[PDB]
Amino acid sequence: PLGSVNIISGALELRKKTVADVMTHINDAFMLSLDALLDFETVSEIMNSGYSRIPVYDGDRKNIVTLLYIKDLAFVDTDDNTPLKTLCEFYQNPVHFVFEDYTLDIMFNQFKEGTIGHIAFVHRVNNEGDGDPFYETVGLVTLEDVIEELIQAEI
């Protein structure tokens, strides 16, 4: 939108930015715990978050394990108090990760290819704590985040 900006020119300028420049940090993101139950209050707060793709974590908010789509909630009975884990175990929505220095142009093309979906999570290798190096999620980026970056930048 924004005047039908040139995607070719806009996507070229995305090379000057990375996912860390447009990502939503994990502290600011709306996320669900794997132990959450899908009663009406939970379903209501999901329906009112405005998001169609809800990150699901296990234990820590940084331990993102899967995704909840609004479509997955269409045929749940809020009186059943269906556990979110039972839903995620059924749909098994995959989750994909990138690094903070991933340039937006490559991320924009990977989103348009559909190989990983339209939401990518941003992780880093934490190698300070003694033991094996482990991944630590710090944020999330969506195709919509890339689109509004293209719209906010028309010359």
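The numbering used is simple: start at 1 and walk along the sequence shown.
Remark: stretch with higher mean C-alpha B factor among 6 to 14 and 20 to 28 is 6 to 14. Per the PDB record, of the two stretches 60 to 68 and 124 to 132, 124 to 132 carries the greater mean B-factor over its C-alpha atoms. Considering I119, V98, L104, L34 together, the PDB entry gives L34 the largest C-alpha B factor.
Among the modelled residues of its chain, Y91 has a C-alpha B-factor that falls in the middle third according to the deposited record.
Annotation for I54: CA B-factor lies in the lowest third of the chain's modelled residues.
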